[PDB]
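**Student:** Before I ask anything, let me first share the structure, which is written out below as structure tokens.
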Amino acid sequence: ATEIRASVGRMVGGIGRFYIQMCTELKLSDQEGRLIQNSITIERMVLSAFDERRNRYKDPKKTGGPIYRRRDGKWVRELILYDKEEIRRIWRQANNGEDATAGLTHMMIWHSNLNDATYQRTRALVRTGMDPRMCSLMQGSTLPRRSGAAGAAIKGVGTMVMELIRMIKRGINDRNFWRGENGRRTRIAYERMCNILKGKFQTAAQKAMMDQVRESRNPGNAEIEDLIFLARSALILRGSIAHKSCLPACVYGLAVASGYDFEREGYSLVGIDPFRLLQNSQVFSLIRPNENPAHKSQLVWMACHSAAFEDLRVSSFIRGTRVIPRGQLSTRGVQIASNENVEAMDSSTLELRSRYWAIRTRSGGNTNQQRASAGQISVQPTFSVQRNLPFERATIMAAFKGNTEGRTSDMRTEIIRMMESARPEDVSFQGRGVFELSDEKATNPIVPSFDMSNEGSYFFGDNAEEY
Amino acid sequence: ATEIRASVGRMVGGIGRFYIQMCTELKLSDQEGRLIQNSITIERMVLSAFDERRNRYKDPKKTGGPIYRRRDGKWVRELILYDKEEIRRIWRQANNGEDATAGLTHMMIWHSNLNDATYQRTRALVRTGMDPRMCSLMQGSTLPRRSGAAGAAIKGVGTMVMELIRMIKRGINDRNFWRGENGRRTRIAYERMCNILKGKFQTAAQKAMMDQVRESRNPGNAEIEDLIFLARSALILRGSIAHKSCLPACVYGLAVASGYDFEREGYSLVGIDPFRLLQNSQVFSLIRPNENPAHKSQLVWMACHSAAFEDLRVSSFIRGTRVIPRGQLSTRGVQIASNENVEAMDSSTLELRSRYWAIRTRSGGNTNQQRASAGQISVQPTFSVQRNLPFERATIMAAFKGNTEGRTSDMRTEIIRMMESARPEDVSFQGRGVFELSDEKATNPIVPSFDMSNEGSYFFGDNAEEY
Amino acid sequence: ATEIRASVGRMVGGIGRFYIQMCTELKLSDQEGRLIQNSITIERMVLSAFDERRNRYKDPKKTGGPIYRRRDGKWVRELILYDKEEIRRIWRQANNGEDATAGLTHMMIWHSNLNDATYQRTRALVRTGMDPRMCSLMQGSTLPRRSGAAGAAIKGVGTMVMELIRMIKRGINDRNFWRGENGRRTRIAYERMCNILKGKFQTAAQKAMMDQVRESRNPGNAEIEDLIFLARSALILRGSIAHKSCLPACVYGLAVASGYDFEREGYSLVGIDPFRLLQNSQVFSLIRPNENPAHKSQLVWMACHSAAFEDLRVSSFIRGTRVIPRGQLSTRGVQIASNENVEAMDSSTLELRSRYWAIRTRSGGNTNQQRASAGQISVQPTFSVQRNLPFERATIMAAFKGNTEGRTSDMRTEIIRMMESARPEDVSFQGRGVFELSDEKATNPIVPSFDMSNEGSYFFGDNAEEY
């Protein structure tokens, strides 16, 4: 109900209180509690304080991280160390005798999102033997293993497939590990992942084709090839994947400080609240000597809206400033590896405001054509009479396309068919528009007309017009 | 010789006498002996009276069926029961101390034919995992198992392939049944069917490709996929399948009553006699309240000439009235399931005459191109001299089409090549025309010009212009 | 250094002395020492005198062959017999206490070359199940087994692949012969051949694809299919294969007689010396009654420059007369089978001069495109806003081409991609030209302009304009 919304704010308020409470535990300056990198330090400290082999990506039961401080002049890094069980202690009292890890996960989503915005992860994509071409499909691949079910929501088709192929490989040529106890422990790990990916697919032929891949005990090369095929297909006939807007702990923090009652107001990760919130919020970042603060700003705003693989046009359109392609950006990662000191770096306010707001979908657009097409298509002569013998020249020759020696042959062909139908400008979401921020409900949807300025669409593509 | 023709009439006369003799055994009215549904009742009673596990599709050694009677008013159904050995008794005395089952089979052909005209058997085609697209190829699929060798003549390519795939399946994932005794009993069942289908194929590359499919003990997915490929191919490069004209027992019956001496005159199922015969013959049918007698007429005439998958143009052209597409017909099946009573139904004369007659082929048209094309096609530079390096851009790229990881790769490619060559209006049977019914021999062939009226070709296709 | 050149002449001079020394051992007329067929008799006598199961393609430790003699009138054949160890004896004394088989091999190269010029070896290409289409790739297939490493240099891609498939076959369905001792003796025979062929390939994707073929103990149908695919690909994206100019022993012979000091002057099989040499040399051949001496001349000149698969244009261009297609030639083989007597045949001077000379490459032209193309190519909607969803329609659909159920799928696709890029007139060797024979070094390269006369390119192709 609005149950769903009051329990979402429950857990966001969770973060807020926590962060705030934490912020004095380090006596961090007011101004320093807003600094993004100090926030990430903290977030990944709570997660570092709750895992063992999952969640968060010379050591006891402690956990530290670089913490920055502007002191009588420049910035400096004071990496610290805290007791997990001491941090564990807070979270709970800030969440009322519970931990309701839903909070924990929310954060570790934001991190991924942020990452999907930052790191063009081609190098890993080849090792799997799939195509670097496929960034758009790799959502939340930086997601830790065993990551929350509602975290598997985020993962894109490409993210998932990879992971599976990764097991098939450990299976095909490495010690046959569906052979007994583990044979079932890590066969179900597999069986379920296929359905989850099966779950995300739009067309039925794709789903129909995921089954064949799952019904193969001791699966191998044919199966891994099938999965890449399936992965490619997802570029057009696209997968329905979630997109949640998740902010740095500090935003939620200052929000709570300024007096927001999140359990009163409720929250949704797909609605207005995240935009509203970003509008009224200041968050600083450090910037490397030769970097562009504006571009840092873009990077984070993108991250904040899981926007990494969105048509740059719409992104720029909602944003109110041109959102720029990845290789043209004048920035590296938000986080600062301990090499570069911090004598060089200055800090800066990040520009995270938007002109419009829009609703985050869990969809993939449209993808279909015909129910089962049952027509006869050709002729069988009965009589000895001179005449041509008709046949559907085109639909017949298309039937032989993508044919294969395996049981996915005509399922592949079907995709190829359905794929060929499509065109780069079949409209989707027809009707649904953006919103003025005053418009709190959905008064006026604004559909945008896109013989516009940018004209270029992909964040991780290649040049043609610059900046 | 005309031996072949005098022994064909021997067995048709067979039917005629029988039917007649049978007709008084039920004292069926004169008018009632002509009714088609009463004829089918009888036909399938003789077959019901001769099988055990083949031929014909609360019970002793008997056999009955719905028999209809117009009584002092409307029609009514008087389903009966007879002793097989009593029916068995007649057939033989009507065939002179023999049964010469050639008769038996002839009938069970007509039934199939009739069925190929009536039932769009898509639902079954999917279960096999082949394409509903493929009606034209499904001739005599309604044919019972173990059906006569000269009944396997009728079967189309699609009918056959299905049947095989059906065994391969019972083989791949169901108890390995080529493993010993049955291992050979039902491996030869298989080995022979491939050759029979191999037999029907036109091109050599197809035949060449059937072999590879047969030479595989314990055959599976690759083989079943190969067979569908082969099945598709048969839509264009088409299979040579028989087409025999086979009438209801009653036609042959009244013919004999009216004094035809079939052994004197002889018969052929591919010549004039069937048309001649249909011309001079009346056969009534019952018709459901909201049905079109004309359309019933068409359905049966089609059935009577194995015309179900013929270009509607030629069919309409021979017929003398427009033969209409299947979904546009205002009728259901000829047979009446016992649900609908017969108080509603009236009967009607069926219009089975034709304007012209034509010769029934066992061919599939033309299909070929080149003997083995041996040319060099590219260049290997010997010298360091600046210049382009020639090559057959098109014939090379075509070579990579339909390539496969299996031993049918370039055999597939070859088909794909030969298939692509073809065009929906390569003329076939060049020269052979239709005939005026007076023209008893082959005086004047009439080749038809087909920028005509209908313009639409397939009986089981989809709309564009209606009725 | 010029070490490389002084040791090449060492071994050519080898041949020369030998031949000469041999020529008096038969007291062969001066005029008869120049006759080509008598030279081949001798060459294959030395090789016949040095092998057991390799090198050279009712008998003791002897070796003879048809030797021809013009006697007081016509020509006649005096087939002889010599002791291997007697011939063995000479070669060595003519090569100074060594045999330096490098000579032996040089000859057995010329023979192959000659053969590649003469015999359109389609009949064998089918038996392997590869395409007759593929002459251009079959260099030195007539090469004996175990033929010298620097003889494997000559072999083209097609020659090689065949040989492998030939083992795979003896492997797939014939007694599993990688199973133990031989299991490794003739598995390494295999492993090495893949690398040698791998070695010859231009693109990396091809090489990358040869590996997968090699990493398969007990390899079969999938592998043999992979190799043909690879073979086809070599028609466009062509293989780097050596081309050495190797003359009949007699040329080298008369050269030495006339006083050339080959160890003084040095030799190269890729430079000017072979042309220079051919210019100043007379060599006679016998000609069958209905044959064209000019065409015999062409055949041998082609053979002499490993030119059999060269663009006829360049060949004619260097040659100075039109080099004619194979089926249009008015000659059969150089060698005379003992059936046809020699009463009919006359002899003739062969026209082996050239207008220009050019440098023999070991290259295959150009073949490439892009380093790893890493771009994003499509979009994943984040927001519910009405708009089309962009994607690279063409580069995506091309990705599904040549897909396969095997681990070479996208390696195949990659080739298909790279192959499609190409065009029959991408120039290669850009800059490198021919040479006037006076021009001893590389003063003036002559790049030829080829809107010329012939316009037809392949030696073993099919008609369009004749002679």
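Each chain of the structure tokens is named A, B, ... in the order shown, its residues numbered from 1; ligands are numbered from 1 in display order.
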Quick one: which residues from chain B are at most 6 Å off chain C, using only C-alpha atoms, as an NGL selection string?

**Tutor:** :B and (374-376 or 379-388 or 390-391 or 405-407)

**Student:** Which residues, written as a list in words, have at least one atom at most 7 Å from range 246-256 of chain A, with only C-alpha atoms counted and residues fewer than 3 positions away on the same chain left out?

**Tutor:** residues 15, 16, 17, 19, 20, 33, 34, 39, 43, 106, 110, 259, 260, 261, 269, 281, 304 and 305 of chain A

**Student:** What would the file look like if the residues just selected were written as a tab-separated table (two decimals), in the first residue's frame with N, CA and C atoms?

**Tutor:**
chain	number	residue	atom	x	y	z
A	15	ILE	N	19.32	5.08	7.40
A	15	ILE	CA	20.63	5.55	6.98
A	15	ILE	C	20.93	6.91	7.58
A	16	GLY	N	19.97	7.82	7.44
A	16	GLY	CA	20.12	9.19	7.90
A	16	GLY	C	20.54	9.32	9.35
A	17	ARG	N	19.70	8.83	10.26
A	17	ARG	CA	20.07	8.83	11.66
A	17	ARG	C	21.49	8.30	11.82
A	19	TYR	N	24.19	7.79	9.88
A	19	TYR	CA	25.20	8.69	9.38
A	19	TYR	C	25.42	9.83	10.36
A	20	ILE	N	24.34	10.47	10.75
A	20	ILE	CA	24.44	11.61	11.63
A	20	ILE	C	25.13	11.20	12.91
A	33	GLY	N	31.18	16.64	6.99
A	33	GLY	CA	30.15	15.60	6.98
A	33	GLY	C	29.43	15.56	5.64
A	34	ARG	N	29.56	16.64	4.88
A	34	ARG	CA	28.92	16.73	3.58
A	34	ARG	C	29.81	16.15	2.47
A	39	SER	N	31.77	10.25	3.10
A	39	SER	CA	30.54	9.49	3.22
A	39	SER	C	30.75	8.03	2.78
A	43	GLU	N	29.98	4.57	4.63
A	43	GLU	CA	29.07	3.55	4.12
A	43	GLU	C	29.78	2.19	4.09
A	106	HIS	N	20.64	-1.20	0.13
A	106	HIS	CA	20.44	0.10	-0.50
A	106	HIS	C	21.77	0.81	-0.78
A	110	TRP	N	23.91	1.82	-4.27
A	110	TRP	CA	24.41	3.11	-4.67
A	110	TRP	C	25.85	2.94	-5.16
A	259	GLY	N	15.75	18.07	9.61
A	259	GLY	CA	14.49	17.81	10.28
A	259	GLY	C	13.45	17.02	9.51
A	260	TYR	N	13.87	16.35	8.45
A	260	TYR	CA	12.92	15.56	7.68
A	260	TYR	C	12.53	14.35	8.52
A	261	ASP	N	11.23	14.07	8.59
A	261	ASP	CA	10.76	12.85	9.22
A	261	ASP	C	10.40	11.86	8.13
A	269	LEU	N	12.09	5.02	-4.24
A	269	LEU	CA	13.34	5.14	-4.98
A	269	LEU	C	13.07	5.40	-6.46
A	281	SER	N	19.95	19.75	-1.53
A	281	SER	CA	21.07	19.22	-0.79
A	281	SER	C	22.42	19.58	-1.35
A	304	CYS	N	23.68	8.81	-9.25
A	304	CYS	CA	22.59	9.01	-8.31
A	304	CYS	C	21.25	8.64	-8.93
A	305	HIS	N	21.20	8.56	-10.22
A	305	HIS	CA	19.96	8.15	-10.82
A	305	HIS	C	20.05	6.89	-11.66

**Student:** Let's see if you can do this: from backbone DSSP, list all alpha helix (DSSP H) residues in range 95-277 of chain B, as a PyMOL selection string.

**Tutor:** chain B and resi 102-118+122-127+149-152+157-172+182-200+204-214+221-233+249-257+262-265+273-277

**Student:** Just list the residues in range 45-173 of chain A DSSP gives strand (DSSP E) on the backbone, as a list in words.

**Tutor:**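 Restricting range 45-173 of chain A to strand (DSSP E) produces residues 62, 63, 64, 65, 68, 69, 70, 75, 76, 77, 80, 81, 82 and 83 of chain A.
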
**Student:** Would you mind reading off the distance between CA of residue 32 in chain A and CA of residue 69 in chain A, one decimal, in Å?

**Tutor:** 6.7 Å

**Student:** Excluding range 190-198 of chain B and residues on its chain fewer than 4 positions from it, collect all residues at most 10 Å away from it, counting only C-alpha atoms, and give them as a PyMOL selection string.

**Tutor:** chain B and resi 149+152-153+155-161+163-164+167-168+184-186+202-204+206-211+213-217+239-241

**Student:** List as a ChimeraX atom specification the protein and nucleic acid residues near residue 119 in chain A, meaning an atom at most 12 Å away when only C-alpha atoms are counted, but skip any in the same chain fewer than 4 places from it.

**Tutor:** /A:111-115,123-124,135,138-142,299,303,308,326-327,331-335,459-460

**Student:** Output N, CA and C atoms for every residue in the selection just made, as a PDB file, in the first residue's frame.

**Tutor:**
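And here is the file that came out, selection.pdb:
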ATOM      1  N   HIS A 111      26.680   2.218  -4.413  1.00  0.00           N
ATOM      2  CA  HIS A 111      28.080   2.019  -4.808  1.00  0.00           C
ATOM      3  C   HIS A 111      28.226   1.456  -6.211  1.00  0.00           C
ATOM      4  N   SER A 112      27.540   0.347  -6.473  1.00  0.00           N
ATOM      5  CA  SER A 112      27.475  -0.219  -7.813  1.00  0.00           C
ATOM      6  C   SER A 112      27.080   0.816  -8.861  1.00  0.00           C
ATOM      7  N   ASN A 113      25.863   1.339  -8.730  1.00  0.00           N
ATOM      8  CA  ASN A 113      25.391   2.439  -9.559  1.00  0.00           C
ATOM      9  C   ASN A 113      26.504   3.436  -9.868  1.00  0.00           C
ATOM     10  N   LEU A 114      27.015   4.083  -8.825  1.00  0.00           N
ATOM     11  CA  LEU A 114      28.196   4.940  -8.944  1.00  0.00           C
ATOM     12  C   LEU A 114      29.283   4.335  -9.846  1.00  0.00           C
ATOM     13  N   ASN A 115      29.538   3.040  -9.673  1.00  0.00           N
ATOM     14  CA  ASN A 115      30.564   2.350 -10.423  1.00  0.00           C
ATOM     15  C   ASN A 115      30.163   2.187 -11.872  1.00  0.00           C
ATOM     16  N   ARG A 123      37.746  -4.680 -19.870  1.00  0.00           N
ATOM     17  CA  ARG A 123      38.800  -5.665 -19.648  1.00  0.00           C
ATOM     18  C   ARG A 123      38.252  -6.993 -19.117  1.00  0.00           C
ATOM     19  N   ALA A 124      37.252  -6.916 -18.251  1.00  0.00           N
ATOM     20  CA  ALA A 124      36.684  -8.122 -17.679  1.00  0.00           C
ATOM     21  C   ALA A 124      35.791  -8.856 -18.680  1.00  0.00           C
ATOM     22  N   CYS A 135      28.422  -2.876 -22.797  1.00  0.00           N
ATOM     23  CA  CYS A 135      28.341  -2.110 -21.558  1.00  0.00           C
ATOM     24  C   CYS A 135      26.899  -1.990 -21.075  1.00  0.00           C
ATOM     25  N   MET A 138      25.583  -4.421 -18.689  1.00  0.00           N
ATOM     26  CA  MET A 138      26.348  -4.800 -17.505  1.00  0.00           C
ATOM     27  C   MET A 138      25.972  -4.109 -16.187  1.00  0.00           C
ATOM     28  N   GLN A 139      24.690  -3.899 -15.930  1.00  0.00           N
ATOM     29  CA  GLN A 139      24.330  -3.169 -14.731  1.00  0.00           C
ATOM     30  C   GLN A 139      24.620  -3.930 -13.436  1.00  0.00           C
ATOM     31  N   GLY A 140      25.288  -3.250 -12.506  1.00  0.00           N
ATOM     32  CA  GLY A 140      25.586  -3.801 -11.193  1.00  0.00           C
ATOM     33  C   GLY A 140      26.343  -5.096 -11.304  1.00  0.00           C
ATOM     34  N   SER A 141      27.385  -5.085 -12.115  1.00  0.00           N
ATOM     35  CA  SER A 141      28.245  -6.233 -12.239  1.00  0.00           C
ATOM     36  C   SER A 141      29.239  -6.153 -11.117  1.00  0.00           C
ATOM     37  N   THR A 142      29.479  -4.936 -10.649  1.00  0.00           N
ATOM     38  CA  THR A 142      30.354  -4.703  -9.508  1.00  0.00           C
ATOM     39  C   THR A 142      29.715  -5.187  -8.229  1.00  0.00           C
ATOM     40  N   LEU A 299      29.093  13.040 -13.305  1.00  0.00           N
ATOM     41  CA  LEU A 299      29.356  11.653 -12.972  1.00  0.00           C
ATOM     42  C   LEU A 299      28.530  11.173 -11.786  1.00  0.00           C
ATOM     43  N   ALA A 303      25.231   8.723 -11.430  1.00  0.00           N
ATOM     44  CA  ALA A 303      25.313   7.606 -10.510  1.00  0.00           C
ATOM     45  C   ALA A 303      24.094   7.613  -9.617  1.00  0.00           C
ATOM     46  N   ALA A 308      23.494   5.559 -15.982  1.00  0.00           N
ATOM     47  CA  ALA A 308      24.743   5.325 -16.704  1.00  0.00           C
ATOM     48  C   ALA A 308      24.568   4.862 -18.148  1.00  0.00           C
ATOM     49  N   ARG A 326      31.502   9.514 -21.986  1.00  0.00           N
ATOM     50  CA  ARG A 326      32.464   9.126 -20.934  1.00  0.00           C
ATOM     51  C   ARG A 326      33.916   9.479 -21.206  1.00  0.00           C
ATOM     52  N   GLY A 327      34.377   9.236 -22.422  1.00  0.00           N
ATOM     53  CA  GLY A 327      35.760   9.535 -22.765  1.00  0.00           C
ATOM     54  C   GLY A 327      36.066  11.020 -22.902  1.00  0.00           C
ATOM     55  N   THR A 331      37.442  13.938 -15.787  1.00  0.00           N
ATOM     56  CA  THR A 331      37.576  13.428 -14.429  1.00  0.00           C
ATOM     57  C   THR A 331      37.893  11.940 -14.391  1.00  0.00           C
ATOM     58  N   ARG A 332      38.536  11.512 -13.304  1.00  0.00           N
ATOM     59  CA  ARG A 332      38.637  10.087 -12.970  1.00  0.00           C
ATOM     60  C   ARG A 332      37.664   9.764 -11.817  1.00  0.00           C
ATOM     61  N   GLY A 333      37.826   8.604 -11.177  1.00  0.00           N
ATOM     62  CA  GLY A 333      36.907   8.164 -10.118  1.00  0.00           C
ATOM     63  C   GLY A 333      36.671   9.130  -8.963  1.00  0.00           C
ATOM     64  N   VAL A 334      35.541   8.968  -8.280  1.00  0.00           N
ATOM     65  CA  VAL A 334      35.222   9.808  -7.126  1.00  0.00           C
ATOM     66  C   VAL A 334      36.185   9.539  -5.981  1.00  0.00           C
ATOM     67  N   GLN A 335      36.488   8.264  -5.763  1.00  0.00           N
ATOM     68  CA  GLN A 335      37.364   7.840  -4.681  1.00  0.00           C
ATOM     69  C   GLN A 335      38.816   8.178  -4.973  1.00  0.00           C
ATOM     70  N   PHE A 459      26.581   6.785 -23.456  1.00  0.00           N
ATOM     71  CA  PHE A 459      27.588   7.292 -22.530  1.00  0.00           C
ATOM     72  C   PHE A 459      29.003   6.731 -22.786  1.00  0.00           C
ATOM     73  N   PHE A 460      29.093   5.436 -23.101  1.00  0.00           N
ATOM     74  CA  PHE A 460      30.370   4.756 -23.361  1.00  0.00           C
ATOM     75  C   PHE A 460      30.571   4.384 -24.827  1.00  0.00           C
TER      76      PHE A 460
END

**Student:** So that I can see what lies close to range 2-8 of chain A, please list as a ChimeraX atom specification the residues with an atom at most 7 Å from it, counting only C-alpha atoms and leaving out residues fewer than 6 positions away in the same chain.

**Tutor:** /A:263,266-268

**Student:** For those residues, write N, CA, C and O atoms to a file as an mmCIF file, in the first residue's frame.

**Tutor:**
data_model
loop_
_atom_site.group_PDB
_atom_site.id
_atom_site.type_symbol
_atom_site.label_atom_id
_atom_site.label_comp_id
_atom_site.auth_asym_id
_atom_site.auth_seq_id
_atom_site.Cartn_x
_atom_site.Cartn_y
_atom_site.Cartn_z
ATOM 1 N N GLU A 263 9.866 8.643 8.104
ATOM 2 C CA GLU A 263 8.755 7.730 8.353
ATOM 3 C C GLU A 263 7.396 8.427 8.248
ATOM 4 O O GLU A 263 6.407 7.788 7.883
ATOM 5 N N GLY A 266 7.438 9.211 4.166
ATOM 6 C CA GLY A 266 7.662 8.051 3.312
ATOM 7 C C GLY A 266 8.677 8.349 2.227
ATOM 8 O O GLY A 266 9.065 9.499 2.018
ATOM 9 N N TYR A 267 9.110 7.310 1.527
ATOM 10 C CA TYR A 267 10.052 7.489 0.439
ATOM 11 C C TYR A 267 9.706 6.516 -0.685
ATOM 12 O O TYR A 267 9.027 5.516 -0.461
ATOM 13 N N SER A 268 10.140 6.827 -1.900
ATOM 14 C CA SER A 268 10.177 5.831 -2.972
ATOM 15 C C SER A 268 11.450 6.082 -3.773
ATOM 16 O O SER A 268 11.833 7.243 -3.952
#

**Student:** Name the closest residue to residue 105 in chain B among the candidates B:205, B:67, B:230, B:11; distances are taken between atoms, counting only C-alpha atoms.

**Tutor:** B:11
